[PDB]
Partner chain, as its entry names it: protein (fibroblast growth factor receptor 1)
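Below you'll find only one chain, the form solved without its partner chain, shown as structure tokens.
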């Protein structure tokens, strides 16, 4: 199945998990760190995996995204279809806090606390390769 790219509406960045372990966006679609494999725990719960490094997308306990080496609870995201047909990805562990995966206009991480419903920052188009 897949992989996909996640294209953010905000500045038109593909979500990227760098070998650093840092997360950001790049506009370069032939970047090798933007190819992402999504898998499902339960219905509407995904892990998001870099296929180049095998890292998982994760959000830490204060709202910053990082690449994780293992699929732990900080790696579960709620994928929710929005209008239409972008998805948003809410941190499952901090779901009560409305912490989304987000990129800023310049393609760097938005911090979970700085996110909220209705921002372009949180909208991602999954493009199956």
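Only residues modelled in both forms are compared. Superpose the two forms; the largest set of C-alphas matching within 1.5 Å is the rigid core. Numbering follows the first chain given and starts at 1.
If you look for the form deposited with its partner chain bound, you will not find it shown, but the lines that follow are about it.
In the deposited complex, no heavy atom of residue 57 sits within 4.5 Å of its partner chain. Although the partner is absent here, residue 61 sits far enough away that none of its heavy atoms falls within 4.5 Å of its partner chain in the deposited complex. In the deposited complex, at least one heavy atom of residue 81 sits within 4.5 Å of a heavy atom of its partner chain.
The closest heavy atom approach of residue 68 to its partner chain in the deposited complex falls outside 4.5 Å.
Taking a 4.5 Å heavy atom cutoff to its partner chain in the deposited complex, the contacting residues in 1-35 are 1, 4, 7, 9, 11, 12, 14, 27, 29.
Taking a Cα shift of 2 Å or more after superposition on the rigid core as the cut-off, the single stretch of three or more consecutive residues that moves between this form and the one not shown is 83-85.
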